[PDB]
Ligand SMILES: O=C([O-])/C(F)=C\c1ccc(O)cc1
Ligand SMILES: O=C([O-])/C(F)=C\c1ccc(O)cc1
Ligand SMILES: O=C([O-])/C(F)=C\c1ccc(O)cc1
């Protein structure tokens, strides 16, 4: 299983390490996928490249 | 955050329900993100559309 | 530019035709890109493959 | 609806803001999707990471 | 490395087998990556879900 | 056909140019796709954003 986590910049390297651990475990225990088969990709987003309702987060409070 | 889980066809509806819940909790507890801001997408693959080492899974023997 | 619109199943063929046209015009008028260089991909999701707050849409009540 | 716009580096922050506005509007008026449900991601490409006909744009005139 | 080939429906099972093999060899010989570390995903598109210049392929005449 | 090659940072610009050439050729000769229709995107991954078996590559030897 390939897991892509897309989130905003701002997380610490420690939070990223924990995210990978926990997400990998969640997948392993709910899909029966072997541990060495679970891959996780982290993709960081910039506020000026992310919008909701036509307004970029960099343009909001 | 946005999480995309890409895995082979086969999981039951129940397993998918658990996958979504566990993965959401993993993200919430590890990044601080609030539940209503955590989106999960599930993408299923066919054994004849996934390959490793030049051999599609549907062609392994 | 390449635009991928990911949305739930349900739109009619007509709506998709309009989506492609309007989105292409939006890109052309806003980035300066020429029409023949604007590609649009449509990706449909199933309600049981999309979740928010740990609950797939097919499980909301 | 989730819209990912993948385009080359080179656009101004103003063009990006306009792109988001227009694209969000195009989606809203052709799919009946509510405004607060339309998300837009902008992904920028580097010329040396983009190719057509086997030739990267960074290797063209 | 992970290679995703996105193309229109239509190729035969044989062509896909060859695509996977050739693409894997191209990656191996050009990046130095070992075969067991080269994954290939095939994604098929529908003519009514792919557009260029504001016209879906299923609408071209 | 759209080919996305996702690999770790570390390759030379020459290896990237060769990758594009070879991959484009592999696709052309196995799918019957015209040369000017084959697009290749290179996406580089950071070791601290890539994990296998719950362990990020930046956390391995
Ligand atoms: O925080 C994240 O990582 C994120 F991907 C999205 C988000 C969207 C809307 C908000 O109000 C807050 C966060
Ligand atoms: O301009 C863009 O944003 C783009 F994504 C592609 C492109 C491709 C070929 C061209 O000749 C010009 C632009
Ligand atoms: O090398 C690459 O480009 C890559 F995408 C992955 C990888 C994964 C596991 C390894 O042990 C080595 C490389």
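Just so you know, the numbers here start at 1 and follow the chain as drawn.
Heads up, header says this was done by X-ray crystallography, 2.4 Å.
Including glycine, each Cβ sits where the backbone N, Cα and C put it.
Pulled from Swiss-Prot, these are the features on record:
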ACT_SITE  B:1  active site, proton acceptor
BINDING   B:8, B:9, B:10, B:11  substrate binding site
Residue pair the residue listed as 'active site, proton acceptor', residue B:11 (substrate binding site) - Cα distance, angstrom, rounded: 24
Residues that sit under 8 angstroms from residue B:10 (substrate binding site) by C-beta distance, when 6+ apart in the chain: none
Nonlocal residues around residue B:9 (substrate binding site), in sequence order (Cβ under 8 Å, 6 or more apart): B:44, B:45, B:46, B:47
Listed recorded positions with Cβ under 6 Å from ligand 1, out of B:1, B:8, B:9, B:10, B:11: B:1
Cβ neighbours of residue B:11 (substrate binding site) where a neighbour is any other Cβ within 10 Å: 20
Largest tally of Cβ atoms lying within 10 Å of a Cβ, found at which of the recorded positions B:1, B:8: B:1
Sorted by sequence, non-B:8, B:9, B:10, B:11 residues with Cβ within 8 Å of centre, substrate: B:7, B:44, B:45
Reduced DSSP assignment, residue B:8 (substrate binding site): strand
